[PDB]
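Asks: Mind looking over this structure? Questions follow.
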Amino acid sequence: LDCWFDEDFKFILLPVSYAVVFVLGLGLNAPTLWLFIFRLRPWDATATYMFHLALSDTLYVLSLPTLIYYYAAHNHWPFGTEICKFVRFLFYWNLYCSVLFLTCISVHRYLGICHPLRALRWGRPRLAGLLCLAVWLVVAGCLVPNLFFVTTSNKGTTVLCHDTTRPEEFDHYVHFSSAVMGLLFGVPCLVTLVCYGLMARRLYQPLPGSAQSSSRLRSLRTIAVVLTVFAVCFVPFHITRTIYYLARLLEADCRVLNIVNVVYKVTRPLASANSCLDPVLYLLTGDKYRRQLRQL
Amino acid sequence: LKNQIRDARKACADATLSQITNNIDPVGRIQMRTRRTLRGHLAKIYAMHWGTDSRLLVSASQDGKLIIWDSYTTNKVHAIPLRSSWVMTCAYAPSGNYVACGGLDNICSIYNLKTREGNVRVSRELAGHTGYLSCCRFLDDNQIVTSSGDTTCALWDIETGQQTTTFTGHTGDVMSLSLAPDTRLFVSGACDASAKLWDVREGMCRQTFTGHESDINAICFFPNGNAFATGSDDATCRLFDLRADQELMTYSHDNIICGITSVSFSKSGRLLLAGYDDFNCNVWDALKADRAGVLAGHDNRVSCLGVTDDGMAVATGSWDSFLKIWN
Amino acid sequence: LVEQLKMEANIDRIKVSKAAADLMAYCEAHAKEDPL
Amino acid sequence: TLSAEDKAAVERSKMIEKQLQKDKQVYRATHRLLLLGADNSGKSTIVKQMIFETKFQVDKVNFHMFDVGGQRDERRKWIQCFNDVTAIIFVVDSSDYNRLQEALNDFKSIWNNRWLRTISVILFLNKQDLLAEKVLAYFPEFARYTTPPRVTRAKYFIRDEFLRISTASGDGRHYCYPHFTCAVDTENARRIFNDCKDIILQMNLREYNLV
Amino acid sequence: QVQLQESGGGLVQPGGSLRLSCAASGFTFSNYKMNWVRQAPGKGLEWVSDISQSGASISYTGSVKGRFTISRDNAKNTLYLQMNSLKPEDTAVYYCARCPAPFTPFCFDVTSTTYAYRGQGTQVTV
Ligand SMILES: O=c1ccn([C@@H]2O[C@H](COP(=O)(O)OP(=O)(O)OP(=O)(O)O)[C@@H](O)[C@H]2O)c(=O)[nH]1
């Protein structure tokens, strides 16, 4: 049907990184997931977004084990078509809703820092809950076509579970994936970068009379670390994904196809590591240090 | 002649509650768990009071809304907005159709519950106090006695709106009062590290108890009516006997450094519940000077404490806008 | 102040052990009706 | 279970809760400020250039500042009722040095209080035209002082005297904002607005898991 | 019953020296920080010096520092004020005062017109 790709540059890397991300995600997200409900009931806007992101990370890492088995079995899906469809929907569903929850928390911080008096002039946790519900619903609705797209085929091995659609229906999937990727990453990515840069610019310049403190520097370091982690986790993954999908769409020579395949499969663990990096980033600094120390 | 008074007090040389009640059965670890959490208020809770029906519960907070609960069903029966947001006392008439409030406005506003028009309206206002109201308690349907931070208390009349009797002999600022079970006497603890017993009919002080070393914050009559407990800023409670005119017990611990915010007694007078500024409550034995339980459900502070009239429950407020019913 | 001390001088007319015994008997009698 | 009276009671409770939720937005969007000072300090004319409570707004954010003076000159207890104020507008008369010592002492007592340790204090050195007239026409450390003419050195001497307590004993959870006001200064409303903006910004930094 | 009593005053030469001692009873000395209160004729209750707990922090007044020494003795349960240099403008009554909060450096109300824990001081005349 096509010219094939390299094998050992992915089967030795993706299963190990996915298993590591899986165990780290359940080691770092379940305790805070239960803390955000039956430890002290924190449910203001900040804790609402943090809990929703933790839930997204838990669902994302729970979507892993079957596809780690798929990757370590040298491209084999003995389970069936239904599990393939559902879990390759759930993978991207949790990924994009996690990105959207990062963007929601970034806009929340921007409102609370750049315009604080206006922010509590108009604000309510009901808005946060409705925003999270809308995020879940919109991501599920826009990855509705993913369910029809991810299919199981028997071409080279006994069973394959195509992350894209079948090779005869790749022109539909490139359009669909490019559309959802552009929307649910580019608008979140630009919004998050703009908001974090604006808040850092506000924190840098000393405006007040004698509110001179190291708070404006510690928060600046935290914001820089958060922005760098988000960028290095998500931007190369989506950039390499675009490059790989366009390379397949143009039907170029197999050498550049192998090269872009390798760069995409090595940027995939970077995207996966965000599920474990989110708790150690957002749940560490601040009063949550004391909360986790007390609940430990 | 204070030396003669102290010699008369020391004439009862064998004054040791740790010896007379030494061979008694300890109460034990009182494990009380939260039953209801009335999370309807907006800001710090300052005061609360139970009704005679033992179900309805009035409470006031920093946001300036006086609310009325139903602890059986956790339903807000009423919610009375207040002109002044800094109110630190609450009341509930024995008839159940009147609620009083007061604070930094130096006015004891009384709101008419269950009127013929089915609405809450200010029935009367009492503006004869030159200091902030600290505690107001409904003597009856027609009389209410109030203590302010202007060194004096006063007994009011609803029909006329003027003081029938005043109690001007004190020092410092009166912080809280508590009526006797017979409603014929009452006591008032103030910031001069002293508490005085008053007579409503005569309006004259009878005894003075100088045992504490800091401002007395809360005071509550014993159920028997011949004693009371005073919680002060010295992080130590004491129990005073009206007949003995001398402190009996001293519920103090080495690890306690936060002062008392509220004091209440159980139905039998065996369990002394004390609110603390140490982020939680404490459940003191009445005549053992030892702890029996800790109510650490609150997450900001404890500012008010009340025991239900027939002893079936207790209610503790907090500086978080929560109200926890314990049992 | 001296007058109040004079009134307080004539009010000390009970023993501490009697008050302790009265309180102890009161909590013993009413312990049945106390749910706490 | 669900009787006619029980359903009516539940509906009434839901109506009350809806009214409370409606009022919560109003309560959270208004900033409560405590006005403090001495008799010689012109704190009344600062309010007049915008318990006695005043209401004003700057950028559609409603501020409600309170000047309580009906109490019996003892504020150990009723000062706790202002534990959740966004700021304190403690006003100093810097043109009376004998009173300035007492202003220094009670500013220190306010700063080091257990309940006011988390409440930022906006500092207004109210009398500055009088100070300029007095200096232009007590403390032994004034001679051994250097500017961070004479009236500027005096103004900053008093400011640094207050900032010595505001810094050496501060826990980092609240800050002091010194401002130089006058009798005819009309920027006090906007100064308090900006100071409250920064106070809320600092609480937002602490509560947003950033610091 | 908080009681305080001062002694050692009423005889000063311009540039002279004496020593002020206030006795305390009814409360623990170590848990409280005690100030000094000066009442000049025709004047309100002023402030002189400070000592915190077991002498952790010491503060004075601008017209006091360099000539007054504040001393305290938890074992002896008394607080001292040593007067080294004198001028005839400090003729007043020294109220040995404190603040009600224990284990807390918050002396909010010390120089009030009425105060429960401020004993009757001794007259000092230069
Ligand atoms: O041109 C192609 C396209 C696809 N394939 C092979 O199709 C299989 C499924 O590859 P998919 O096209 O279905 O998804 P994918 O690129 O994201 O790769 P995986 O996450 O599923 O591993 C992969 O093993 C790939 O090597 C080729 O070999 N050549």
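Residues are referred to by chain and number: the chain letter is A, B, ... according to the order shown in the structure tokens, the number counts from 1 in that chain, and ligands are numbered separately from 1 in the order shown.
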Report as a list in words all protein, DNA and RNA residues lying within 10 Å of residue D:14, evaluated on only C-alpha atoms, omitting residues in the same chain fewer than 5 positions from it.
Replies: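 After dropping sequence-adjacent residues, the list is residues 75 and 76 of chain B; 8, 9, 19 and 20 of chain D.
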Asks: Counting only C-alpha atoms, a student should be able to say which residues of chain A come within 12 Å of chain B; what is the right answer, written as number ranges by chain?
Replies: A: 39-42, 291
Asks: Could I get the residue neighbourhood of ligand 1 at 6 Å, counting only C-alpha atoms and all ligand atoms, as a short mmCIF file (atom, residue, chain, number, x, y, z; two decimals) with N, CA, C and O atoms, in the first residue's frame?
Replies:
data_model
loop_
_atom_site.label_atom_id
_atom_site.label_comp_id
_atom_site.auth_asym_id
_atom_site.auth_seq_id
_atom_site.Cartn_x
_atom_site.Cartn_y
_atom_site.Cartn_z
N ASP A 2 2.01 1.17 0.66
CA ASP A 2 2.91 2.31 0.81
C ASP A 2 4.31 1.79 1.09
O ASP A 2 4.52 0.59 1.23
N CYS A 3 5.26 2.71 1.17
CA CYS A 3 6.60 2.38 1.63
C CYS A 3 6.64 2.48 3.15
O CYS A 3 6.10 3.41 3.74
N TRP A 4 7.26 1.49 3.77
CA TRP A 4 7.18 1.37 5.22
C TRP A 4 8.21 2.27 5.89
O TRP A 4 9.03 2.92 5.25
N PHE A 5 8.15 2.30 7.22
CA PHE A 5 8.96 3.19 8.05
C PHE A 5 9.90 2.38 8.93
O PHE A 5 9.84 1.15 9.00
N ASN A 75 3.88 -3.06 17.07
CA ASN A 75 2.73 -2.64 16.27
C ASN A 75 1.69 -3.76 16.15
O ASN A 75 1.42 -4.28 15.07
N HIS A 162 -4.48 2.13 13.69
CA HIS A 162 -4.01 3.35 13.06
C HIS A 162 -4.37 4.57 13.90
O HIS A 162 -5.55 4.80 14.18
N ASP A 163 -3.37 5.35 14.30
CA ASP A 163 -3.65 6.60 15.00
C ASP A 163 -4.34 7.60 14.09
O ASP A 163 -5.27 8.30 14.51
N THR A 164 -3.91 7.68 12.84
CA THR A 164 -4.67 8.38 11.81
C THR A 164 -5.72 7.42 11.27
O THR A 164 -5.99 6.36 11.84
#
Asks: Can you tell me, as a list in words, what residues are no more than 12 Å from residue C:6 when counting only C-alpha atoms, ignoring any on the same chain fewer than 2 positions away?
Replies: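 The residues satisfying every condition are residues 1, 2, 3, 4, 5, 206, 207 and 208 of chain B; 1, 2, 3, 4, 8, 9, 10, 11 and 12 of chain C.
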Asks: With C-alpha atoms retained, export the selected residues as a compact mmCIF listing (two decimals), in the first residue's frame.
Replies:
# COMPACT_ATOMS: atom_id res chain seq x y z
CA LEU B 1 -9.30 46.61 103.10
CA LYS B 2 -8.33 44.32 100.22
CA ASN B 3 -5.95 42.49 102.57
CA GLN B 4 -8.89 41.60 104.83
CA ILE B 5 -10.84 40.34 101.80
CA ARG B 206 -22.89 41.63 94.90
CA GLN B 207 -19.53 39.88 94.38
CA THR B 208 -16.32 40.45 92.43
CA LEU C 1 -14.06 51.33 95.60
CA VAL C 2 -13.79 51.23 99.40
CA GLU C 3 -17.58 50.92 99.66
CA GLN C 4 -17.60 48.03 97.18
CA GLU C 8 -17.54 42.31 99.40
CA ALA C 9 -16.15 41.80 102.92
CA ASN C 10 -19.51 40.59 104.28
CA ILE C 11 -20.35 38.26 101.37
CA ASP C 12 -17.71 35.55 101.95
Asks: Quick one: residues within 8 Å of stretch 57-69 of chain D, only C-alpha atoms, excluding same-chain residues fewer than 3 positions away - as a list in words?
Replies: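 Near neighbours after the sequence-gap exclusion: residues 117, 118 and 121 of chain A; 29, 30, 31, 32, 33, 34, 35, 36, 51, 52, 53, 54, 189, 190 and 193 of chain D.
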Asks: Store the residues picked out above, limited to C-alpha atoms, as a compact mmCIF listing (two decimals), in the first residue's frame.
Replies:
# COMPACT_ATOMS: atom_id res chain seq x y z
CA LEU A 117 -9.79 44.81 41.24
CA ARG A 118 -11.80 44.25 38.06
CA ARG A 121 -15.45 42.97 40.59
CA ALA D 29 -16.41 43.60 44.95
CA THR D 30 -16.35 46.27 47.69
CA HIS D 31 -13.13 47.07 49.55
CA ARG D 32 -13.43 47.95 53.24
CA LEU D 33 -10.75 50.30 54.59
CA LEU D 34 -10.15 51.26 58.22
CA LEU D 35 -9.25 54.89 58.88
CA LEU D 36 -6.93 55.32 61.86
CA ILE D 51 -18.95 55.32 63.64
CA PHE D 52 -18.68 57.53 60.54
CA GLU D 53 -18.55 55.57 57.28
CA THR D 54 -17.84 57.05 53.86
CA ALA D 189 -8.56 58.46 46.45
CA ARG D 190 -6.43 57.29 43.53
CA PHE D 193 -7.01 52.77 44.83
Asks: What are the closest atom pairs, with distances in Å to one decimal, for all residues of chain D lying within 7 Å of chain A? Consider only C-alpha atoms, order rows by chain and residue number, and present the result as CSV.
Replies:
residue,atom,partner,partner_atom,distance
D:28,CA,A:120,CA,6.7
D:29,CA,A:121,CA,4.5
D:61,CA,A:117,CA,6.9
D:175,CA,A:211,CA,5.8
D:176,CA,A:210,CA,6.4
D:177,CA,A:210,CA,5.2
D:178,CA,A:209,CA,6.5
D:195,CA,A:208,CA,7.0
D:197,CA,A:117,CA,6.1
D:200,CA,A:116,CA,6.3
D:201,CA,A:113,CA,5.4
D:204,CA,A:112,CA,6.1
D:206,CA,A:286,CA,6.3
D:208,CA,A:46,CA,6.6
D:209,CA,A:286,CA,4.3
D:210,CA,A:219,CA,5.0
D:211,CA,A:286,CA,4.9
Asks: Residues of the last selection are to be written out with N, CA, C and O atoms, as a short mmCIF file (atom, residue, chain, number, x, y, z; two decimals), in the first residue's frame.
Replies:
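Final file, part-v1.cif:
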data_model
loop_
_atom_site.label_atom_id
_atom_site.label_comp_id
_atom_site.auth_asym_id
_atom_site.auth_seq_id
_atom_site.Cartn_x
_atom_site.Cartn_y
_atom_site.Cartn_z
N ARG D 28 -17.94 40.92 47.81
CA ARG D 28 -16.56 40.67 47.40
C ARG D 28 -15.99 41.80 46.54
O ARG D 28 -14.77 41.99 46.51
N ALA D 29 -16.85 42.55 45.85
CA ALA D 29 -16.41 43.60 44.95
C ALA D 29 -16.27 44.95 45.63
O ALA D 29 -15.94 45.93 44.95
N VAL D 61 -14.73 50.63 41.13
CA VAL D 61 -14.53 49.74 42.26
C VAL D 61 -14.91 50.51 43.51
O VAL D 61 -14.35 51.58 43.78
N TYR D 175 2.63 44.87 53.90
CA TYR D 175 3.59 45.93 53.64
C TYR D 175 2.99 47.27 54.02
O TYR D 175 1.77 47.42 54.14
N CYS D 176 3.87 48.25 54.24
CA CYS D 176 3.47 49.62 54.52
C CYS D 176 3.74 50.48 53.30
O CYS D 176 4.80 50.38 52.68
N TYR D 177 2.78 51.34 52.97
CA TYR D 177 2.88 52.22 51.80
C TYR D 177 2.93 53.66 52.28
O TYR D 177 1.89 54.23 52.64
N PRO D 178 4.10 54.29 52.31
CA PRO D 178 4.18 55.68 52.77
C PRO D 178 3.87 56.66 51.65
O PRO D 178 4.42 56.56 50.55
N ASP D 195 -2.85 51.54 45.79
CA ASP D 195 -2.29 50.74 46.88
C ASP D 195 -3.13 49.49 47.13
O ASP D 195 -2.59 48.41 47.36
N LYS D 197 -4.96 48.07 44.84
CA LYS D 197 -4.69 47.23 43.67
C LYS D 197 -3.46 46.37 43.89
O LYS D 197 -3.46 45.17 43.62
N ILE D 200 -4.15 43.65 46.66
CA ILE D 200 -4.89 42.53 46.09
C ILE D 200 -4.00 41.74 45.14
O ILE D 200 -4.10 40.51 45.06
N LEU D 201 -3.09 42.41 44.43
CA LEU D 201 -2.15 41.70 43.57
C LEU D 201 -1.24 40.79 44.38
O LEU D 201 -0.94 39.67 43.96
N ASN D 204 -3.15 37.85 45.47
CA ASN D 204 -3.37 36.99 44.31
C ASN D 204 -2.12 36.19 43.97
O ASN D 204 -2.20 35.02 43.59
N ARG D 206 0.06 35.23 46.22
CA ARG D 206 0.16 34.21 47.26
C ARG D 206 -0.85 33.08 47.03
O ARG D 206 -0.53 31.91 47.24
N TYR D 208 -2.45 32.20 44.13
CA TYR D 208 -2.43 31.58 42.82
C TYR D 208 -1.31 30.56 42.68
O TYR D 208 -0.93 30.23 41.55
N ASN D 209 -0.78 30.06 43.80
CA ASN D 209 0.31 29.08 43.81
C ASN D 209 1.55 29.60 43.08
O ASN D 209 2.32 28.82 42.52
N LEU D 210 1.75 30.91 43.10
CA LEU D 210 2.93 31.51 42.48
C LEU D 210 4.02 31.85 43.48
O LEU D 210 5.20 31.85 43.10
N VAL D 211 3.67 32.12 44.73
CA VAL D 211 4.65 32.43 45.76
C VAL D 211 4.34 31.62 47.02
O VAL D 211 3.21 31.61 47.50
#
Asks: Go through stretch 55-245 of chain B and collect every residue that DSSP, computed from the backbone, puts in strand (DSSP E or B); the answer should be as a PyMOL selection string.
Replies: chain B and resi 56-61+65-70+78-81+87-90+98-103+109-112+121-124+133-138+143-148+153-157+163-167+174-179+185-190+195-199+205-209+216-221+227-232+237-241
Asks: I need the contact residues of chain D against chain B, so if you could list those with any atom within 10 Å, counting only C-alpha atoms, and return them as a count of residues only, that would help.
Replies: 35
Asks: What does the distance between atom CA of residue B:95 and atom CA of residue B:113 come to in Å, to one decimal place?
Replies: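 Distance reported for this atom pair: 10.3 Å.
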Asks: Find the residues in chain D near chain E: any atom within 7 Å counts, using only C-alpha atoms. Write them as a list in words.
Replies: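 Output check: residues 73, 74, 76, 106, 109, 110, 112, 113, 138, 139 and 140 of chain D.
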Asks: Could the residues in this selection be saved with N, CA, C and O atoms as a PDB file, in the first residue's frame?
Replies:
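See selection02.pdb below for the written result:
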ATOM      1  N   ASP D  73     -11.741  54.974  73.898  1.00  0.00           N
ATOM      2  CA  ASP D  73     -10.288  55.145  73.802  1.00  0.00           C
ATOM      3  C   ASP D  73      -9.506  53.864  74.086  1.00  0.00           C
ATOM      4  O   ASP D  73      -8.320  53.924  74.421  1.00  0.00           O
ATOM      5  N   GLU D  74     -10.138  52.699  73.963  1.00  0.00           N
ATOM      6  CA  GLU D  74      -9.479  51.416  74.186  1.00  0.00           C
ATOM      7  C   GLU D  74      -9.757  50.532  72.980  1.00  0.00           C
ATOM      8  O   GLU D  74     -10.915  50.214  72.694  1.00  0.00           O
ATOM      9  N   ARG D  76      -8.201  47.397  72.118  1.00  0.00           N
ATOM     10  CA  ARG D  76      -7.670  46.038  72.135  1.00  0.00           C
ATOM     11  C   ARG D  76      -8.660  45.052  71.533  1.00  0.00           C
ATOM     12  O   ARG D  76      -8.259  44.069  70.900  1.00  0.00           O
ATOM     13  N   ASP D 106       2.301  53.920  68.356  1.00  0.00           N
ATOM     14  CA  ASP D 106       1.073  53.192  68.062  1.00  0.00           C
ATOM     15  C   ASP D 106       1.061  52.628  66.646  1.00  0.00           C
ATOM     16  O   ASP D 106       0.388  51.619  66.412  1.00  0.00           O
ATOM     17  N   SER D 109       2.721  49.395  67.394  1.00  0.00           N
ATOM     18  CA  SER D 109       1.789  48.475  68.041  1.00  0.00           C
ATOM     19  C   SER D 109       0.778  47.912  67.047  1.00  0.00           C
ATOM     20  O   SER D 109       0.397  46.739  67.137  1.00  0.00           O
ATOM     21  N   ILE D 110       0.313  48.740  66.108  1.00  0.00           N
ATOM     22  CA  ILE D 110      -0.582  48.263  65.056  1.00  0.00           C
ATOM     23  C   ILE D 110       0.137  47.270  64.149  1.00  0.00           C
ATOM     24  O   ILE D 110      -0.412  46.220  63.795  1.00  0.00           O
ATOM     25  N   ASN D 112       2.740  45.336  64.757  1.00  0.00           N
ATOM     26  CA  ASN D 112       3.136  44.107  65.429  1.00  0.00           C
ATOM     27  C   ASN D 112       1.963  43.366  66.058  1.00  0.00           C
ATOM     28  O   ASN D 112       2.182  42.404  66.799  1.00  0.00           O
ATOM     29  N   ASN D 113       0.732  43.792  65.787  1.00  0.00           N
ATOM     30  CA  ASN D 113      -0.437  43.119  66.333  1.00  0.00           C
ATOM     31  C   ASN D 113      -0.572  41.717  65.751  1.00  0.00           C
ATOM     32  O   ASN D 113      -0.121  41.435  64.639  1.00  0.00           O
ATOM     33  N   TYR D 138      14.585  66.593  70.197  1.00  0.00           N
ATOM     34  CA  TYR D 138      13.491  65.641  70.042  1.00  0.00           C
ATOM     35  C   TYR D 138      14.017  64.268  69.647  1.00  0.00           C
ATOM     36  O   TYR D 138      13.943  63.317  70.425  1.00  0.00           O
ATOM     37  N   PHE D 139      14.539  64.168  68.427  1.00  0.00           N
ATOM     38  CA  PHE D 139      15.144  62.940  67.936  1.00  0.00           C
ATOM     39  C   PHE D 139      16.642  63.148  67.787  1.00  0.00           C
ATOM     40  O   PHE D 139      17.062  64.004  66.994  1.00  0.00           O
ATOM     41  N   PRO D 140      17.482  62.411  68.519  1.00  0.00           N
ATOM     42  CA  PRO D 140      18.932  62.619  68.411  1.00  0.00           C
ATOM     43  C   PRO D 140      19.548  62.026  67.157  1.00  0.00           C
ATOM     44  O   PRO D 140      20.688  62.378  66.827  1.00  0.00           O
TER      45      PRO D 140
END
Asks: Taking only C-alpha atoms into account, what are the residues of chain E at most 6 Å from chain B, put as a list in words?
Replies: residues 1, 27, 100 and 116 of chain E
Asks: Got time to write the residues from that selection, N, CA, C and O atoms, as a PDB file, in the first residue's frame?
Replies:
ATOM      1  N   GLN E   1      -5.716  39.011  90.952  1.00  0.00           N
ATOM      2  CA  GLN E   1      -5.730  40.452  91.173  1.00  0.00           C
ATOM      3  C   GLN E   1      -4.393  41.072  90.791  1.00  0.00           C
ATOM      4  O   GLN E   1      -3.424  40.990  91.545  1.00  0.00           O
ATOM      5  N   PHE E  27       0.457  37.716  88.649  1.00  0.00           N
ATOM      6  CA  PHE E  27       0.629  37.265  87.276  1.00  0.00           C
ATOM      7  C   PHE E  27       2.077  36.847  87.068  1.00  0.00           C
ATOM      8  O   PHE E  27       2.975  37.249  87.812  1.00  0.00           O
ATOM      9  N   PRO E 100      -1.940  43.183  78.104  1.00  0.00           N
ATOM     10  CA  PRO E 100      -2.634  41.961  78.545  1.00  0.00           C
ATOM     11  C   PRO E 100      -2.256  40.706  77.785  1.00  0.00           C
ATOM     12  O   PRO E 100      -2.461  39.607  78.314  1.00  0.00           O
ATOM     13  N   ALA E 116      -6.235  48.828  83.437  1.00  0.00           N
ATOM     14  CA  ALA E 116      -6.355  47.960  84.605  1.00  0.00           C
ATOM     15  C   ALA E 116      -4.998  47.528  85.149  1.00  0.00           C
ATOM     16  O   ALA E 116      -4.817  47.441  86.369  1.00  0.00           O
TER      17      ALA E 116
END
Asks: Env of residue B:114: 12 Å cut, atoms = only C-alpha atoms, seq-sep filter 6 positions within chain, self excluded. Answer as a PyMOL selection string.
Replies: chain B and resi 77-78+95-99+120-121+123
Asks: Run DSSP on the backbone and tell me which residues of stretch 47-243 of chain A come out as helix (DSSP H, G or I); list them as a PyMOL selection string.
Replies: chain A and resi 47-62+65-72+81-114+116-121+125-142+144-149+167-204+215-243
